[PDB]
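> missing the sequence, but the structure's below:
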Ligand SMILES: CN(CCOc1ccc(C[C@H](Nc2ccccc2C(=O)c2ccccc2)C(=O)O)cc1)c1ccccn1
Ligand SMILES: [Cl-]
Ligand SMILES: [Cl-]
Ligand SMILES: [Cl-]
């Protein structure tokens, strides 16, 4: 009912759940920060020099792996942490923890990657992506140069991010949008859709109001953003097909058990 | 054991 209070509560939760916000990412990417700039990774040599400073060092033991595998393992490290952050955020969405525990799982199973790709755009420009909470920056050209199918994974996300960043959403817009994605009543296998839709109705109302107030000169920003939600699903589909190529062709490339659980029987 | 449930039920 109180759409401005819901909006504010979601933003406060977002600030607590996600260490690198869009505001902070954009301050780094435009130099308007007093911390020292990210370490730029543009090739295998810069990767070896920089990886000791990057958070995914926590999981690096063993003989040297080729560059495409290192990137794969470090991105897997980040994806597992991102899932844990999004799950903490989801538990703050009012009504979410009162849903059937099995529907909570289903909402997260089908929603986290759509959310990951949404917020990945906050860390990207057309030429690279911030990693390790802004301590590193990995160039788009370097990620593209990786041998197939590794060099194919990031390009569709950069493409998405350039179009999406053109909406110029901020963190208070994004906090509501990602809640709307999680509360999607049409996920396969949901046991009880009505209470999920009721929550999303309120969230969609809160989002529409937020967008009208925060971006008065963008008419139909709300309509535009809703059309992106559906594009996110195609990104996941294509990503899954790329991971399946890895699974059938590479050796010793099993996924983290959390990522296996999400991907198992996904659609 | 579901790991998503573990994250969801964690304090
Ligand atoms: C690109 N980047 C920022 C985070 O990007 C994400 C890009 C995608 C994801 C989702 C995640 N992806 C993977 C999961 C396991 C292993 C690799 C990937 C890749 O997506 C991948 C594969 C090949 C080449 C490059 C990436 C998922 O499906 O769960 C999560 C995060 C990195 C890269 C290296 C180290 C840290 N930060
Ligand atoms: Cl951009
Ligand atoms: Cl505006
Ligand atoms: Cl691996």
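On my side now, so go ahead. Numbering: from 1, shown residues only, chains lettered A, B, ... in the order given. Ligands and ions are numbered 1, 2, ... in the order given.

> I'd assumed residue A:202 was in contact with residue A:6.
Yes - between residue A:6 and residue A:202 there is a contact under Cβ atoms under 8 Å: 6.6 Å. Placement of C-beta: from N, CA and C, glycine included.

> Secondary structure element for the residue nearest in space to the middle of chain A, which one?
Geometric centre of chain A, nearest residue: residue A:116, 1.4 Å, by Cα atoms, centre = their mean. Using DSSP states H and E, residue A:116 sits within helix A:101-122.

> Surely residue A:187 is within a strand?
No - Residue A:187 is assigned coil when assessed by DSSP: H, G, I helix; E, B strand; the rest coil, not a strand.

> Contact partners for residue A:101?
B:5, B:8, B:9 (Cβ atoms under 8 Å, 6 or more residues apart in numbering or on different chains).

> what's the burial count for residue A:192?
As a burial measure, residue A:192 scores 12 neighbours (other Cβ atoms under 10 Å in any protein chain shown).

> if I look at it, how far off is ligand 1?
27 Å (Cβ to the nearest ligand atom, to the nearest Å).

> Just confirm that residue contacts residue A:103, I think it does.
Yes - using Cβ under 8 Å, residue A:192 makes contact with residue A:103 at a distance of 6.2 Å.

> what's around the closest residue to residue A:254 other than its chain neighbours, how many residues?
What sits nearest to residue A:254 in space, not counting adjacent residues and going by Cβ to Cβ, 6 or more residues apart in numbering or on different chains, is residue A:260, at 7.6 Å. If you count neighbours by other Cβ under 10 Å, residue A:260 ends up with 11.

> so residue A:260 is in which element?
When elements are assigned from DSSP H and E, residue A:260 belongs to helix A:257-263.

> which residues does the residue of the stretch 51-200 of chain A found nearest ligand 4 contact?
Using Cβ to the ion, the closest approach of the stretch 51-200 of chain A to ligand 4 is made by residue A:73 at 4.9 Å. With contact set as Cβ under 8 Å, 6+ apart, residue A:73 has these partners: A:56, A:59, A:60, A:65.

> where's the first one relative to residue A:73, distance?
Using Cβ to Cβ, to the nearest Å, we find residue A:56 at a distance of 7 Å from residue A:73.

> before we move on, what about the third one?
Distance of residue A:60 to residue A:73, computed by Cβ to Cβ: 8 Å.

> circling back to that earlier point, element containing the residue of the stretch 51-200 of chain A closest to ligand 4, please.
Assigned by DSSP H and E, residue A:73 belongs to helix A:67-90.

> got the angle between that helix and helix A:101-122?
Relative orientation of helix A:67-90 versus helix A:101-122 (axes from the mean of the first three to the mean of the last three Cα atoms, to 10 degrees): 120 degrees.
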